[PDB]
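Report on one structure; see the data block that follows.
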Amino acid sequence: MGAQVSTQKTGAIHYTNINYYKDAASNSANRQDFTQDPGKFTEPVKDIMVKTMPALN
Amino acid sequence: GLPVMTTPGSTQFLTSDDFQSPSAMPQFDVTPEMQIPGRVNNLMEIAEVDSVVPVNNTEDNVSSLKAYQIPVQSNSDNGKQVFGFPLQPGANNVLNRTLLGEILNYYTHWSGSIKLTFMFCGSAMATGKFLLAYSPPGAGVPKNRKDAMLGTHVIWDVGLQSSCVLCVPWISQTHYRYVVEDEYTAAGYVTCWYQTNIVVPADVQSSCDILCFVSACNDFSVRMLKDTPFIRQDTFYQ
Amino acid sequence: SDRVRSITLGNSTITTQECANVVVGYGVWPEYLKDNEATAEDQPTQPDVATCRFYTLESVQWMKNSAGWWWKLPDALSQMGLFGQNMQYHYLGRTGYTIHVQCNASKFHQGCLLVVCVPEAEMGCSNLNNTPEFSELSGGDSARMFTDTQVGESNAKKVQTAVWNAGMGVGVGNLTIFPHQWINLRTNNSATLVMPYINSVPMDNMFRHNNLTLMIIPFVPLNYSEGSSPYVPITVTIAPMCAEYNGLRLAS
Amino acid sequence: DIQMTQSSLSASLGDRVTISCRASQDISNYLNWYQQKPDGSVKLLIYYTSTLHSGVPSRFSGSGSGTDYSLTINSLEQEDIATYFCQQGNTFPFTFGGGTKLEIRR
Amino acid sequence: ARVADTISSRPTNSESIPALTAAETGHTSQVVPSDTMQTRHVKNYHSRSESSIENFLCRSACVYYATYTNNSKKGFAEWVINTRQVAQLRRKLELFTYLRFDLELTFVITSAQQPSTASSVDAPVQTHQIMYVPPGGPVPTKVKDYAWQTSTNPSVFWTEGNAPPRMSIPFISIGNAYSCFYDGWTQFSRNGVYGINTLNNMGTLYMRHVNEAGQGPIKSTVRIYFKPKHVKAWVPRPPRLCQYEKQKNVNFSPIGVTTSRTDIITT
Amino acid sequence: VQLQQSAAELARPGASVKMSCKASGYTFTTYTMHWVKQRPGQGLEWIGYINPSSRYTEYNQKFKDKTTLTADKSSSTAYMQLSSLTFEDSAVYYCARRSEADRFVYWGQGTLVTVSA
Ligand SMILES: CCCCCCCCCCCCCCCC(=O)O
């Protein structure tokens, strides 16, 4: 009957949730989608520069 | 008629809850998605981009572009100090307003390393050497170059590559520090000195400038989101 | 060497002999619109040799008491060749750019510029109850310049050009979050920026919406000694990349 | 400059009082009402055509559009006997209207 | 969502320069403290979970409050829906140029008793109605109006004393994202209004007392709370420095970049 | 938050005075501070303001050549100097802090200036 079983936020256990409504705009918040891609803001260069090499040839 | 029993916490509005609620416009068809460039997923990618820090706050430089330039000249003695400020990235008024220090004012705790980049915007015929030190707390501020060489330092030689990075590391007793001014979790001082002089040829101006940038490393982290003390309101905006 | 580039677009070519890397967008290159993202049904026009070429704007002078300059980007090329003639006859259009700012001086001059491209840069008014007019917000292929002082509120429709607020009410040091690059006269000679199409809609009208703004701001002022050359210009060239148009009607 | 034309009103307690002030041109709902007590302290009452400031009792109300505007006190007290100005926030400079004093009827 | 851990380091003497870079390339250096000094090997268990875009914005924030009176002419409330009247939520949403989210909407309705003159005022519970009108529909002009039928407009009824009312709204837009900033005009002639006011068409929200005024006036107040869910964000932006002045536009009075200190060497 | 003005002053026709407005309870360099004049038989009148962070002042066109506004960030005071004093400059002078758009939420208590011999 649905019953998605996920894991709980703990430091260094399961919880259960069911959707009751027919519209996807009425669920709970996501809160557990963790994605990082910082390379588009901190290295937006065409030619890649290695860290241990000199930046200017 | 299934028997239930209502607990405390019923019919309350806690502003950070996560429940389901019935939709007001059922069977609504939303606009399909588009590939827009520059999608941000974490706020710890905004803080890793470096921004210019206003070191030169001298009460007639804040309403100008002179707040960002650090004056560097040719001296006659040796060992003078260039600047100095305490490492409080959310409480000290030097780092209070930068791109790292504005994200930090939404949170209470912080932990990780901090980068400091220095660009030499002088002439191509000018030379120099600098000492970029960091001193952990427990003693005072270093008053000489001999006191500041006993901490974490780097010696920067200007040339073709015009930038150097001082990476102040995480040295702390606790896992986290406080963003607000706390004497228990102080973090130390950042100073800059003259190693050798600035030697220029003839017909070159002997007064140069230095820009400074600040960002975070890959082990930076924040905690316990709060409201910022910077924006303020009396009446409604209309 | 990593100091030389060559950019060929149409019948135009840019060569440079000392430069940094070329900064491309948010990591994406300009490309034409797909079929599952489009909304207009008629067939677009892709001339792509007559419009995708380097157009050079006017030159400004870098003085010692100088504050900054700005251009609104799909408006500067509104009288430039067959790019400005396709904008008048068509209703929609989308375009990525490549911008090459160039400023040369000797090894006896010093200075530093910040060359930044900001999307949706709303400017503010001096009088707090109005909005600025069109002639103050942008001129065609001529720079509008910031000031080191504050514009008075007695002026009704003017732009607030306090340079340390960058005209938009923010800190000018935090403008490095956008795609930017520096021109340091000690080491650099030019800055090259490639920008994709950034908007919330797949196509937009190119006359009542400027979606990019190029700002050039001297953080370290120009300085030299007596005998050195006092006149130092700054020149900007801009080339459209992957431009296409929809909705052909009368000339407006 | 916008001329702000508003001199002395008389009303008994528990009654409804209406103060009005007329501008010269359209100011587009940018009107504020102030209150100057007889000891010499000024405070803001209504910071729009009708929006009350926080700390102001519910006896005061405002209305109007375009050129004609008004202030209403539906139940007069002894605390509300003061001088009332109207100020426009549309053009440079800020212009205040003349005073309007309240007094006891008989 | 774990952060990266540090590795051990040895004394180096080489032709490799991690610290020396060029900041003129528009590129941030990717160096770590295990390049410029001797470090030990620690393993970090810290997470970057609480700084996500979902965790930053999915929190309730008051956007407006309006009043209306039980026995008064001109006594019903209206509000043209926007997010630019409070200082705290306006600064959080404007760190990004484009946003796209579902919404959650909560109302907090209170009441107060006004100084009547009758003896032994005794009122029952109060019922309120909140009607949402999409742009183009008919608007009410008084309390006992025909427009409060709500044949197709969504509305909610609520009796005083219970839990607060709460709905859910999908991504209701014409374009592919909400826009926080707009550099353009409405007309093609480039006259008239300029800015984000040309893109704000989201409707109006009306509020009234369903009960009739028995013996004493009652002044109610409803507070409106917004909460973004399923958030996407594009093109980050520097935070606002000057104070906000108006609702329709961006205008400001210029301010210094920081507060000041007495010397460049004072800590 | 409150604004505290100085005492009442008296001057000769042709002399100069200097009033003050000590502001406390908030960050002084954030908000501009305006000056209002009230003659005892007529209504209020705006003089001008000073941006305390950049030391930029803007005057009304009637008081352009007589008044001078200054400020200092250390002691959080705003000064106003009247010069070439005539018999029209005997009134009550208020300092006010301008709110969000055009509103004056916080006022001073007023100083009584009078010219005589
Ligand atoms: C329960 C009945 C009332 C329903 C009311 C629906 C209100 C629609 C809200 C529109 C959200 C607008 C958000 C704008 C965000 C932005 O500008 O970035």
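Ligands are numbered from 1 in the order shown, residues from 1 within each chain, and chains are lettered A, B, ... in the order they appear in the structure tokens.
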List every residue of stretch 18-244 of chain E that DSSP, applied to the backbone of this structure, assigns to strand (DSSP E or B), and report them as a PyMOL selection string. chain E and resi 21+47+52+61-69+77-80+96-113+127-133+155-159+166-169+178-179+184-185+194+204-209+218-236+240
Within 7 Å of ligand 1, which residues show up when you count only C-alpha atoms and all ligand atoms? List them as a PDB file with N, CA and C atoms, in the first residue's frame, please.
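Result file selection_12.pdb:
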```pdb
ATOM      1  N   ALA B  24      -5.324  23.314  -2.909  1.00  0.00           N
ATOM      2  CA  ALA B  24      -6.419  24.220  -3.214  1.00  0.00           C
ATOM      3  C   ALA B  24      -6.846  24.174  -4.672  1.00  0.00           C
TER       4      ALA B  24
ATOM      5  N   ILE E  81      -1.308  39.816  -3.677  1.00  0.00           N
ATOM      6  CA  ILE E  81      -0.349  38.838  -3.181  1.00  0.00           C
ATOM      7  C   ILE E  81       1.038  39.125  -3.738  1.00  0.00           C
ATOM      8  N   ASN E  82       1.992  39.363  -2.842  1.00  0.00           N
ATOM      9  CA  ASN E  82       3.403  39.449  -3.192  1.00  0.00           C
ATOM     10  C   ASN E  82       4.213  39.059  -1.963  1.00  0.00           C
ATOM     11  N   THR E  83       5.536  39.130  -2.093  1.00  0.00           N
ATOM     12  CA  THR E  83       6.446  38.723  -1.028  1.00  0.00           C
ATOM     13  C   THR E  83       7.432  39.829  -0.687  1.00  0.00           C
ATOM     14  N   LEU E  93      14.843  35.288  -0.343  1.00  0.00           N
ATOM     15  CA  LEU E  93      14.483  34.880  -1.693  1.00  0.00           C
ATOM     16  C   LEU E  93      15.311  35.585  -2.754  1.00  0.00           C
ATOM     17  N   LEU E  99      13.598  31.241  -9.070  1.00  0.00           N
ATOM     18  CA  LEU E  99      13.153  30.268  -8.084  1.00  0.00           C
ATOM     19  C   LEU E  99      11.956  29.514  -8.636  1.00  0.00           C
ATOM     20  N   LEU E 103       4.020  25.817  -2.665  1.00  0.00           N
ATOM     21  CA  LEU E 103       3.794  26.697  -1.534  1.00  0.00           C
ATOM     22  C   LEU E 103       2.899  26.026  -0.503  1.00  0.00           C
ATOM     23  N   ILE E 130     -12.051  33.350   3.933  1.00  0.00           N
ATOM     24  CA  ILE E 130     -10.917  33.864   3.175  1.00  0.00           C
ATOM     25  C   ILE E 130     -11.066  33.379   1.744  1.00  0.00           C
ATOM     26  N   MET E 131     -11.346  34.293   0.823  1.00  0.00           N
ATOM     27  CA  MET E 131     -11.588  33.965  -0.575  1.00  0.00           C
ATOM     28  C   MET E 131     -10.419  34.431  -1.429  1.00  0.00           C
ATOM     29  N   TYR E 132      -9.952  33.563  -2.320  1.00  0.00           N
ATOM     30  CA  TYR E 132      -8.880  33.886  -3.250  1.00  0.00           C
ATOM     31  C   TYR E 132      -9.460  34.112  -4.637  1.00  0.00           C
ATOM     32  N   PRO E 154     -11.521  29.322  -5.006  1.00  0.00           N
ATOM     33  CA  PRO E 154     -11.309  28.568  -3.769  1.00  0.00           C
ATOM     34  C   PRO E 154     -11.394  29.469  -2.550  1.00  0.00           C
ATOM     35  N   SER E 155     -12.045  28.962  -1.508  1.00  0.00           N
ATOM     36  CA  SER E 155     -12.133  29.697  -0.259  1.00  0.00           C
ATOM     37  C   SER E 155     -12.151  28.719   0.901  1.00  0.00           C
ATOM     38  N   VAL E 156     -11.848  29.234   2.088  1.00  0.00           N
ATOM     39  CA  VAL E 156     -11.782  28.425   3.296  1.00  0.00           C
ATOM     40  C   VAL E 156     -12.617  29.097   4.381  1.00  0.00           C
ATOM     41  N   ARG E 166      -4.845  25.636   6.734  1.00  0.00           N
ATOM     42  CA  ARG E 166      -3.634  25.378   5.966  1.00  0.00           C
ATOM     43  C   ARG E 166      -3.981  24.702   4.648  1.00  0.00           C
ATOM     44  N   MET E 167      -3.466  25.243   3.544  1.00  0.00           N
ATOM     45  CA  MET E 167      -3.648  24.700   2.204  1.00  0.00           C
ATOM     46  C   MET E 167      -2.296  24.384   1.580  1.00  0.00           C
ATOM     47  N   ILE E 169      -0.358  24.986  -2.460  1.00  0.00           N
ATOM     48  CA  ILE E 169      -0.493  25.619  -3.772  1.00  0.00           C
ATOM     49  C   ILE E 169       0.629  25.116  -4.673  1.00  0.00           C
ATOM     50  N   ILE E 172       2.332  27.947  -9.677  1.00  0.00           N
ATOM     51  CA  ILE E 172       1.353  28.632 -10.519  1.00  0.00           C
ATOM     52  C   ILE E 172       2.060  29.784 -11.235  1.00  0.00           C
ATOM     53  N   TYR E 178       9.803  31.412 -11.195  1.00  0.00           N
ATOM     54  CA  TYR E 178       9.540  32.724 -10.629  1.00  0.00           C
ATOM     55  C   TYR E 178      10.777  33.583 -10.798  1.00  0.00           C
ATOM     56  N   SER E 179      10.574  34.864 -11.050  1.00  0.00           N
ATOM     57  CA  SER E 179      11.671  35.794 -11.245  1.00  0.00           C
ATOM     58  C   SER E 179      11.675  36.793 -10.101  1.00  0.00           C
ATOM     59  N   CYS E 180      12.820  36.930  -9.443  1.00  0.00           N
ATOM     60  CA  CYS E 180      12.965  37.911  -8.381  1.00  0.00           C
ATOM     61  C   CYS E 180      13.336  39.287  -8.904  1.00  0.00           C
ATOM     62  N   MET E 202      -0.616  37.729  -9.482  1.00  0.00           N
ATOM     63  CA  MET E 202      -0.885  36.499  -8.753  1.00  0.00           C
ATOM     64  C   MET E 202      -2.233  36.477  -8.054  1.00  0.00           C
ATOM     65  N   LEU E 205      -6.489  38.466  -2.170  1.00  0.00           N
ATOM     66  CA  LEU E 205      -6.995  37.643  -1.080  1.00  0.00           C
ATOM     67  C   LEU E 205      -7.919  38.494  -0.229  1.00  0.00           C
TER      68      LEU E 205
END
```
Would you pick out the contacts of stretch 247-251 of chain C at 9 Å or less, using only C-alpha atoms, so that residues sharing its chain but fewer than 4 positions from it are not included, and give the list as number ranges by chain? C: 40, 42-44, 85, 87-93
Saved selection, atoms kept: N, CA, C and O atoms, as a PDB file, in the first residue's frame:
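Okay, out12.pdb is ready:
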```pdb
ATOM      1  N   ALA C  40       7.419  28.327 -29.372  1.00  0.00           N
ATOM      2  CA  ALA C  40       6.911  28.944 -30.585  1.00  0.00           C
ATOM      3  C   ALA C  40       6.948  27.934 -31.718  1.00  0.00           C
ATOM      4  O   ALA C  40       7.923  27.197 -31.878  1.00  0.00           O
ATOM      5  N   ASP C  42       6.479  28.345 -35.223  1.00  0.00           N
ATOM      6  CA  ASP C  42       7.046  28.644 -36.527  1.00  0.00           C
ATOM      7  C   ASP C  42       8.554  28.403 -36.530  1.00  0.00           C
ATOM      8  O   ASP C  42       9.186  28.229 -35.489  1.00  0.00           O
ATOM      9  N   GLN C  43       9.130  28.398 -37.721  1.00  0.00           N
ATOM     10  CA  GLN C  43      10.517  27.976 -37.865  1.00  0.00           C
ATOM     11  C   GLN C  43      11.460  29.151 -37.635  1.00  0.00           C
ATOM     12  O   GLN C  43      11.268  30.216 -38.227  1.00  0.00           O
ATOM     13  N   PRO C  44      12.480  28.999 -36.796  1.00  0.00           N
ATOM     14  CA  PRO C  44      13.375  30.119 -36.508  1.00  0.00           C
ATOM     15  C   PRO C  44      14.374  30.375 -37.626  1.00  0.00           C
ATOM     16  O   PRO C  44      14.648  29.522 -38.469  1.00  0.00           O
ATOM     17  N   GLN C  85      19.490  44.712 -37.306  1.00  0.00           N
ATOM     18  CA  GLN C  85      18.406  44.721 -38.276  1.00  0.00           C
ATOM     19  C   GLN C  85      17.521  43.496 -38.166  1.00  0.00           C
ATOM     20  O   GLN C  85      16.387  43.517 -38.646  1.00  0.00           O
ATOM     21  N   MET C  87      16.812  42.325 -35.087  1.00  0.00           N
ATOM     22  CA  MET C  87      16.062  42.601 -33.868  1.00  0.00           C
ATOM     23  C   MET C  87      14.837  43.456 -34.140  1.00  0.00           C
ATOM     24  O   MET C  87      13.856  43.385 -33.395  1.00  0.00           O
ATOM     25  N   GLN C  88      14.873  44.274 -35.187  1.00  0.00           N
ATOM     26  CA  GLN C  88      13.763  45.172 -35.461  1.00  0.00           C
ATOM     27  C   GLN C  88      12.615  44.469 -36.160  1.00  0.00           C
ATOM     28  O   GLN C  88      11.455  44.824 -35.938  1.00  0.00           O
ATOM     29  N   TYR C  89      12.905  43.484 -36.996  1.00  0.00           N
ATOM     30  CA  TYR C  89      11.877  42.814 -37.771  1.00  0.00           C
ATOM     31  C   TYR C  89      11.305  41.589 -37.080  1.00  0.00           C
ATOM     32  O   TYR C  89      10.271  41.085 -37.520  1.00  0.00           O
ATOM     33  N   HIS C  90      11.937  41.104 -36.020  1.00  0.00           N
ATOM     34  CA  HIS C  90      11.512  39.896 -35.339  1.00  0.00           C
ATOM     35  C   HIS C  90      11.026  40.213 -33.934  1.00  0.00           C
ATOM     36  O   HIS C  90      11.471  41.174 -33.306  1.00  0.00           O
ATOM     37  N   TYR C  91      10.113  39.382 -33.444  1.00  0.00           N
ATOM     38  CA  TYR C  91       9.480  39.588 -32.150  1.00  0.00           C
ATOM     39  C   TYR C  91      10.248  38.910 -31.022  1.00  0.00           C
ATOM     40  O   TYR C  91      10.407  39.498 -29.950  1.00  0.00           O
ATOM     41  N   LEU C  92      10.748  37.701 -31.240  1.00  0.00           N
ATOM     42  CA  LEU C  92      11.511  36.970 -30.242  1.00  0.00           C
ATOM     43  C   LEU C  92      12.952  36.790 -30.701  1.00  0.00           C
ATOM     44  O   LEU C  92      13.291  37.001 -31.863  1.00  0.00           O
ATOM     45  N   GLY C  93      13.802  36.382 -29.766  1.00  0.00           N
ATOM     46  CA  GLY C  93      15.197  36.135 -30.065  1.00  0.00           C
ATOM     47  C   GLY C  93      15.989  35.686 -28.857  1.00  0.00           C
ATOM     48  O   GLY C  93      15.749  36.165 -27.748  1.00  0.00           O
TER      49      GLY C  93
END
```
Excluding residue A:33 and its own-chain neighbours fewer than 5 positions away, which residues fall within 12 Å of it when counting only C-alpha atoms? Please give them as a VMD selection string. (chain B and resid 41 to 42) or (chain E and resid 1 48 to 55 230 to 232)
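Our summary of the geometry notes that atom CA of residue F:104 is positioned 17.6 Å from atom CA of residue C:127.
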Residue nearest residue C:227 - candidates C:94, C:109, C:180, C:186, atoms counted: only C-alpha atoms: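 Using only C-alpha atoms, the shortest distance to residue C:227 belongs to C:109.
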Give the residues of chain D that lie within 9 Å of chain B; count only C-alpha atoms, and format the answer as an MDAnalysis selection string. chainID D and resid 47:48 53:54
Taking 6 positions as the minimum chain separation for residues in the same chain, which residues sit within 8 Å of residue C:74 when counting only C-alpha atoms? Answer as JSON, numbers by chain. {"C": [206, 207, 210, 211, 212]}
Using only C-alpha atoms and a cut-off of 6 Å, which residues of chain F sit close to chain D? Please list them as number ranges by chain. F: 43-44, 102, 105, 109
Output the selection as a PDB file, in the first residue's frame - N, CA and C atoms for each residue.
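The file below, again.pdb, is the result:
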```pdb
ATOM      1  N   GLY F  43       2.792  76.058  10.319  1.00  0.00           N
ATOM      2  CA  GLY F  43       3.004  74.631  10.293  1.00  0.00           C
ATOM      3  C   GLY F  43       4.469  74.252  10.183  1.00  0.00           C
ATOM      4  N   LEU F  44       4.697  72.947  10.068  1.00  0.00           N
ATOM      5  CA  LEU F  44       6.035  72.380  10.049  1.00  0.00           C
ATOM      6  C   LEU F  44       6.715  72.669   8.712  1.00  0.00           C
ATOM      7  N   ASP F 102       9.250  57.282   3.463  1.00  0.00           N
ATOM      8  CA  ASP F 102       9.137  58.717   3.691  1.00  0.00           C
ATOM      9  C   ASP F 102       8.590  59.047   5.074  1.00  0.00           C
ATOM     10  N   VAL F 105       9.282  58.057  12.138  1.00  0.00           N
ATOM     11  CA  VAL F 105       8.758  57.336  13.293  1.00  0.00           C
ATOM     12  C   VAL F 105       9.276  57.928  14.597  1.00  0.00           C
ATOM     13  N   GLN F 109      12.719  65.962  20.959  1.00  0.00           N
ATOM     14  CA  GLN F 109      11.794  66.728  21.780  1.00  0.00           C
ATOM     15  C   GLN F 109      11.759  68.209  21.425  1.00  0.00           C
TER      16      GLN F 109
END
```
